Amino acid sequence: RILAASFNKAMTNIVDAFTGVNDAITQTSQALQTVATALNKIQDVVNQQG
Amino acid sequence: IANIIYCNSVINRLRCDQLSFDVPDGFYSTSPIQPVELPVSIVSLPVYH
Amino acid sequence: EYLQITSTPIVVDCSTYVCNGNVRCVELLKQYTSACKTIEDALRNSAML
Amino acid sequence: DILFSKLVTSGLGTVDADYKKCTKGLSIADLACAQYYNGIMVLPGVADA
Amino acid sequence: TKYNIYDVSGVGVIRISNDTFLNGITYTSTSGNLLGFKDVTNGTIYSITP
Ligand SMILES: *[C@@H]1O[C@H](CO)[C@@H](O[C@@H]2O[C@H](CO)[C@@H](O[C@@H]3O[C@H](CO)[C@@H](O)[C@H](O)[C@@H]3O)[C@H](O)[C@H]2NC(C)=O)[C@H](O)[C@H]1NC(C)=O
Ligand SMILES: *[C@@H]1O[C@H](CO)[C@@H](O)[C@H](O)[C@H]1NC(C)=O
């Protein structure tokens, strides 16, 4: 019950971080730091290719 | 014409030079404007003249 | 065993290198719109990553 | 520190310039400040001390 | 100021110095730009900076 609950709560913080509606609270964990790192890396790929 | 931006402010100047309405976060180079009223300085070797 | 983990970053101001701060050169350089932007983006984004 | 002294002292290589030094110009610019005037800026090592 | 110092021309700022460089009268960088000069009278050194 706790393993599932912590997993479900983690996904919500991931989806909301991709959209950016939780951008002011993205430093609450270094797990959310990886979301910022991934978005930083993706945007370079989307821009530098052209 | 869709939209325009005047190259008057410091942020707009950087946007105009980078030639994009959105600028990603980072550290950008810049050079201040040179003064145009410029004195003249001359140094030369005294020689057979 | 030795493994390199970093290379010292270098960034270059495109306008200063090519025109040496001459006000007339930088004005001609501005027709080369895509030249400086490609160079500065390549060096800057490497340092960020 | 043996690996940083037995190896060559690269004083002619990449070193981040003290920009507070260069523009004051109290002494003839060294090799690092000379690079700075041509737009070349060497940033501090990300793998700090 | 726009200078022409020992037949090398450019735009820069001239300052007094602290060096006693004995040799020559013009000191240049690898790029060729003028870093300093000496007055062949007292012998003072000057520096040049954009
Ligand atoms: C792997 O990453 C996780 C996070 O995704 C790291 O968990 C974090 O670990 C630190 C150190 O234990 C925790 O901070 C400390 O928490 C205690 C208890 O609240 C507090 O007394 C300390 O002052 C400090 O705040 C941090 O809260 C914790 N975060 C999470 C979300 O679990 C983990 O350390 C990393 N592990 C490895 C092996 O790299
Ligand atoms: C002037 O040069 C001397 C000799 O290199 C040096 O000891 C001193 O620190 C310099 N002075 C200043 C104020 O930078």
# chains A, B, ... in the order shown; residues from 1 in each chain; ligands from 1
$ residues_near_ligand --ligand "ligand 2" --cutoff "9 Å" --atoms "only C-alpha atoms and all ligand atoms" --output "ChimeraX atom specification"
/D:26-27 /E:17-20
$ closest_atom_pairs --of "chain A" --to "stretch 12-34 of chain B" --cutoff "12 Å" --atoms "only C-alpha atoms" --output "JSON lines"
{"residue": "A:40", "atom": "CA", "partner": "B:25", "partner_atom": "CA", "distance": 10.1}
{"residue": "A:43", "atom": "CA", "partner": "B:24", "partner_atom": "CA", "distance": 9.5}
{"residue": "A:44", "atom": "CA", "partner": "B:24", "partner_atom": "CA", "distance": 9.9}
{"residue": "A:47", "atom": "CA", "partner": "B:24", "partner_atom": "CA", "distance": 10.5}
$ write_last_selection --atoms "C-alpha atoms" --output "compact mmCIF listing (two decimals), in the first residue's frame"
# COMPACT_ATOMS: atom_id res chain seq x y z
CA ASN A 40 17.32 21.12 -20.21
CA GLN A 43 15.52 21.59 -25.49
CA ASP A 44 19.10 21.64 -26.77
CA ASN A 47 16.97 23.68 -31.13
$ interface_residues --of "chain D" --to "chain B" --cutoff "12 Å" --atoms "only C-alpha atoms" --output "PDB file with C-alpha atoms, in the first residue's frame"
ATOM      1  CA  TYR D  37      41.091  41.641 -25.622  1.00  0.00           C
ATOM      2  CA  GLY D  39      37.296  38.039 -27.310  1.00  0.00           C
ATOM      3  CA  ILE D  40      38.692  34.732 -26.022  1.00  0.00           C
ATOM      4  CA  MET D  41      37.468  34.023 -22.478  1.00  0.00           C
ATOM      5  CA  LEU D  43      36.160  30.022 -17.860  1.00  0.00           C
TER       6      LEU D  43
END
$ residues_near_ligand --ligand "ligand 1" --cutoff "9 Å" --atoms "only C-alpha atoms and all ligand atoms" --output "PyMOL selection string"
chain A and resi 28-33
$ write_last_selection --atoms "N, CA, C and O atoms" --output "PDB file, in the first residue's frame"
ATOM      1  N   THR A  28      12.088  20.389  -4.719  1.00  0.00           N
ATOM      2  CA  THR A  28      11.705  19.664  -3.511  1.00  0.00           C
ATOM      3  C   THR A  28      12.448  18.343  -3.362  1.00  0.00           C
ATOM      4  O   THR A  28      12.520  17.810  -2.249  1.00  0.00           O
ATOM      5  N   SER A  29      13.000  17.804  -4.445  1.00  0.00           N
ATOM      6  CA  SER A  29      13.798  16.593  -4.354  1.00  0.00           C
ATOM      7  C   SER A  29      14.744  16.540  -5.543  1.00  0.00           C
ATOM      8  O   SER A  29      14.458  17.094  -6.608  1.00  0.00           O
ATOM      9  N   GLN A  30      15.875  15.867  -5.342  1.00  0.00           N
ATOM     10  CA  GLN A  30      16.804  15.604  -6.430  1.00  0.00           C
ATOM     11  C   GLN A  30      16.247  14.603  -7.433  1.00  0.00           C
ATOM     12  O   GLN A  30      16.825  14.447  -8.514  1.00  0.00           O
ATOM     13  N   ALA A  31      15.152  13.918  -7.094  1.00  0.00           N
ATOM     14  CA  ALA A  31      14.414  13.151  -8.093  1.00  0.00           C
ATOM     15  C   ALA A  31      13.745  14.075  -9.102  1.00  0.00           C
ATOM     16  O   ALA A  31      13.700  13.769 -10.299  1.00  0.00           O
ATOM     17  N   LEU A  32      13.209  15.206  -8.637  1.00  0.00           N
ATOM     18  CA  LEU A  32      12.679  16.216  -9.545  1.00  0.00           C
ATOM     19  C   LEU A  32      13.780  17.021 -10.219  1.00  0.00           C
ATOM     20  O   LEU A  32      13.519  17.676 -11.233  1.00  0.00           O
ATOM     21  N   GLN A  33      14.999  16.996  -9.671  1.00  0.00           N
ATOM     22  CA  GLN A  33      16.134  17.606 -10.354  1.00  0.00           C
ATOM     23  C   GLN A  33      16.407  16.928 -11.689  1.00  0.00           C
ATOM     24  O   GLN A  33      16.816  17.590 -12.650  1.00  0.00           O
TER      25      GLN A  33
END
$ select_by_dssp --residues "chain A" --states "helix (DSSP H, G or I)" --output "PyMOL selection string"
chain A and resi 2-19+23-25+30-48
$ closest_residue --among "A:50, A:35, A:42, A:7" --to "residue A:20" --atoms "only C-alpha atoms"
A:35
